């Protein structure tokens, strides 16, 4: 059976046009009706909005104050079994690792998200956090399918410094042949929200998975959130990623 999710850093720390941009995020979610949504940079009033607007999803959060991650699980498609939060002891930005154990498509999943330490200056801590994520991905039983989707803030060289992805962990964008149309998820030439008067682009938002051979097969990957809202800005400074996969029992 086919499943879909979106992962999206929705820039709740930008207070400008935030109500309109939150409505814009959810209009995108309504269009694609994903089974799972992974969000980063949620803030408390944004979470309160989602609890009403997305009342058809079970909402799991990474914290209750500041800014944090969330995982939304479509009721009637996804059975919620537990949540786990793993700290990043040396974060300076309240980052952590949020996991949920669920049933979806007839199989058990561990679904994970994080907003890894931001900016070039904090590369070393970001690498330590990536190692924590990768270590946690190895802990689930082999019959459980593990998906991480989140804002990694990664540069390719940092993954190399980490040792590269393990032999049994795959990046969905790489798996699909490194398609150019959805490569960059943060692009200051195409996205004006931060008003950065220069052109930089990065593949900060990434999807990793661990599954028994042939039991999880990515089928599509697309950017979402590409349309300006009435205020002339985008829902976020990031594009979202929409991924569909076949879950084979």
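Only the largest set of C-alpha atoms that superpose within 1.5 Å between the two forms is called the rigid core. Residue numbers count along the first chain shown, from 1.
> When the other structures are laid on this one by the rigid core, do the CA atoms of 156-164 or of 91-99 sit farther away in 7 other deposited structures of this protein?
Replying inline: Greater root mean square C-alpha distance in 7 other deposited structures of this protein: 156-164.
Taking the root mean square of C-alpha distances over all structures and residues in 7 other deposited structures of this protein, with a rigid core superposition, name the larger of 139-147 and 110-118. It is 139-147 whose C-alphas lie farther from the shown form in 7 other deposited structures of this protein.
When the other PDB entries of this protein are compared, is residue 64 left blank in at least a third of them? Modelled in all the others, so no.
Original post:
Quick one: is residue 212 left out in at least a third of the other entries we compared?
Top reply: Other entries vs residue 212: at least a third skip it.
- Compare the mean C-alpha B-factor of 233-241 with that of 14-22 as given in the PDB entry, and name the stretch with the higher value. Result: 14-22.
- prompt: Looking at the entry, does 37-45 or 215-223 show the higher mean C-alpha B-factor?
  reply: Result: 215-223.
Q) For the listed residues 207, 50, 60, 198, which one has the largest C-alpha B-factor as given in the deposited model? A) The C-alpha B-factor peaks, among 207, 50, 60, 198, at 198.
- prompt: Which of these, 115, 74, 161, 126, has its C-alpha atom at the highest B-factor, as the entry lists it?
  reply: Going by the entry's C-alpha B-factors, 161 comes out highest.
Split into thirds by Cα B-factor across the chain's modelled residues, where does residue 103 land: lowest, middle or highest? CA B-factor rank for residue 103: lowest third.
Against its chain's modelled residues, does residue 84's Cα B factor rank lowest, middle or highest third?
-> Within its chain, residue 84 is a lowest-third residue by C-alpha B-factor, going by the deposited values.
Open item on the list: Based on the deposited C-alpha B factors for this chain, I'd like to know if residue 174 is in the lowest, middle or highest third.
Closed with: Middle third of the chain for residue 174's C-alpha B-factor.
Going by the entry, which third of its chain does the Cα temperature factor of residue 165 land in? Highest third.
Hey, what third does residue 132 fall into on Cα B-factor, ranked over its chain? Its C-alpha B-factor, which the entry lists for residue 132, ranks in the middle third among residues of this chain.
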